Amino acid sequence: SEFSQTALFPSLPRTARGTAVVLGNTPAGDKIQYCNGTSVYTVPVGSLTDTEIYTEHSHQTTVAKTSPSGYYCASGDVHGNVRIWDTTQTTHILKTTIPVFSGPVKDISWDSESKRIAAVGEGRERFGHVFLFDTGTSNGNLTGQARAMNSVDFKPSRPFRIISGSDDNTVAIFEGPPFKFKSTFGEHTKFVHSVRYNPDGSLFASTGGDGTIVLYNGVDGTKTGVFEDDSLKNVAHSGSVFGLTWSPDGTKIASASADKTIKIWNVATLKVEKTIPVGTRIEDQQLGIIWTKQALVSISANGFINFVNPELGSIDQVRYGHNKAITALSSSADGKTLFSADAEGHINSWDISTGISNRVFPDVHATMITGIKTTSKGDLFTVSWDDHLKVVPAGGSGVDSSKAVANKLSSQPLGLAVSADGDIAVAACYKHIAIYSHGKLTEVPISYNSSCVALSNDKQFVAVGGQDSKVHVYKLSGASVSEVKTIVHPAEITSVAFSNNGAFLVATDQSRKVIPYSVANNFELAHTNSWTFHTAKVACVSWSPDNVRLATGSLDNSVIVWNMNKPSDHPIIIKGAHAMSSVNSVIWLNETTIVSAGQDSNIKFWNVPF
């Protein structure tokens, strides 16, 4: 009642170099599914803001597939669990959870009747299991391959069959129900990463590390041919092929390869039809792909989602973002753009009204970014664990990471504050307070270890939170600071912020407390109420433009909105704001709109009325 999520700029799928990514989809093909963290993302092809998230696995999610009926989703994790849950309601009630084997689930396949599920992976006692979705009842045995089963698929037509690809280089076929081994095929010479039946079940194809794509008769697995690219010698791709998928009408196959291309094939002629290069960088390798009734999507090693135009043979849309923990957020002065940074140094720009993303490239840092701030002139200041404070300019395309000023710091930067106009920047470091005013990086040693910093709107005060449980407030004269007040907290300071009108300074700490101070009154307590509603370390704080409300994000997964005009009132608690994830950054876009970002790679927008 007190708030509502109005938009989500979702996490990209989890990816690992040279590792296949498996996608799922809704019956109509209007949404794709992928995993990151302990979550399952159902991402719409026609919306950049309405992705749905299911977060109930306790272990890292691997693959998720929605049944042909569209009513259930079966998702696996690295532990070997396959949870089958309702997709129709936000409560997502669990139907069944089955421990298929001890180890990671790599692929899942629903039969055409939405009655059976075959799950495969790396398991101690077996590599695959087939069973009933609703009861967990075994519906056969998938014994037959000697190493991890990487891909599995049901024949959608009768007689029923199940095919699988394995690290033992073979493709196996099972007949049923009940299902049992029928044959093995050794056309491949390296790991088989993907096996898929066409829509009518008359044929299936396989591919993998040896770069070839084989076509087979759907009922008995007899090879009918191999795909040819006349520019290559006896291979479909010049590198590993991580996945293939069939067009809805079965006349074409699309493949994703380490060779950095997506290729579309003509099934009838067995010849390549379009070759679509994604890029020339190592991150442009394609690790997964799926063709739905509404879109053909391929995934880059960097997690980017590429929407392919099969007619033109090109890439239509690329959705960027993060798959690593987001650590900082900063919006542009005009409120049209949002910048987000992560734990691996990546930064993305987002158009706030549409959700359209852009990955900053080149990369400003190669490691953790502990802060980023925009200036009324379009620059973006940043600090990272590589002990550098960099200033990215505007020239190349929006923010020119093309090339700009890097300054070594004497100690690691933990926090960053910058004046609106960019005239002054202060970085709170492990052993120093670094001040940046037009070229001169002036460093002031401190006796304690800092943890965060805030600069008053009028540039007169610099508040430095410390690991000594004190907020050190300094008056800033040029490139020098003089401590005018030392505020004591019960535990280490975690974040600080000044209201835009300079009326208040707020500090949060590891004891889960949020404490505001009256600036005009020598930083005395602004009120005496106990703002201890978070149940875990508070990670961030930010003031509303109205200088009265503020918000905090915590490791307890929540965002809490506080009201300075009613300190005894219960605050607004957005519980589970980021499910099973710390909320690392929160900022206000206006007096009733908050944006939060989490360890989960998600960026959420919240409408919070008065």
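The first residue of the sequence shown is number 1, and the count goes up from there.
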**OP:** Return whichever of 391 to 399 and 151 to 159 has the greater mean Cα B factor according to the PDB record.
**Re:** 391 to 399
Original post:
On average, which has the higher Cα B-factor in the deposited entry, 295 to 303 or 427 to 435?
Top reply: 427 to 435
Original post:
Taking the Cα B-factors listed in the entry, which of 415, 288, 516, 123 comes out highest?
Top reply: 123
**OP:** Quick one: which of 105, 463, 219, 383 shows the highest Cα temperature factor in the PDB entry?
**Re:** 219
**OP:** Place residue 322 in the lowest, middle or highest third of its chain's C-alpha B-factors, as listed in the PDB entry.
**Re:** lowest
Subject >> Third of the chain, ranked by Cα B-factor, where residue 165 sits >> reply: lowest
Original post:
Sorting the chain's CA B-factors, does residue 46 end up in the lowest, middle or highest third?
Top reply: highest
**OP:** Check where residue 310 lands among this chain's C-alpha B-factors and tell me if it's the lowest, middle or highest third.
**Re:** highest
Original post:
residue 189: which third of its chain by C-alpha temperature factor?
Top reply: lowest
